[PDB]
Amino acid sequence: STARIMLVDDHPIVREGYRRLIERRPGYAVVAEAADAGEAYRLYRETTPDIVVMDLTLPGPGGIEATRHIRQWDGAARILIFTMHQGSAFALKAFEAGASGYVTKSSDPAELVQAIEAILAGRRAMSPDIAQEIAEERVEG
């Protein structure tokens, strides 16, 4: 049940912590690591991974701008925004931009791999806290 992944985070050591987390789910290989949007686009084109995982916040343009760029080149691109920032604000955006998942970094660690798992399954991934915020906002809307 296999997969190649790209990580785009400007936090070189946390990035590594998350690589090691992702790779405990066997079959999953983190195949390119990027530190900003530019390097991301480049490496996407040249490894065309099964899924990219990106911060929302990047030195330069962030994951949402990043996501547009990549989708413009590859409309089927699977991107998971993974972030510390929350609020149905940004996730709606991220979504309207093409992201297939928006997960928060203080959710239960497991979230990350699950999300990746579900996106590859072909579904849209949302940690609880953001699902709650969006739903909660549709409810009083």
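The numbering used is simple: start at 1 and walk along the sequence shown.
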Query - Selected stretch [higher average CA B-factor]: 80-88 or 93-101 - result: 80-88
Requested in this report: Could you check the entry and say whether 70-78 or 42-50 has the higher mean CA B-factor?
Outcome: 42-50
Report summary line: Chain-relative C-alpha B factor for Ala110 (record values, thirds): the highest
Report task. Compare the C-alpha B factor of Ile5 with those of the other modelled residues in its chain, then answer lowest, middle or highest third. Result -> middle
**Report entry** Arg19 by Cα B-factor - lowest, middle or highest third of the modelled chain
**Finding:** middle
Report summary line: Split the chain's modelled residues into thirds by Cα B-factor; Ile130 lands in the highest
**Report entry** Modelled-residue ranking by C-alpha temperature factor, third containing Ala35
**Finding:** lowest
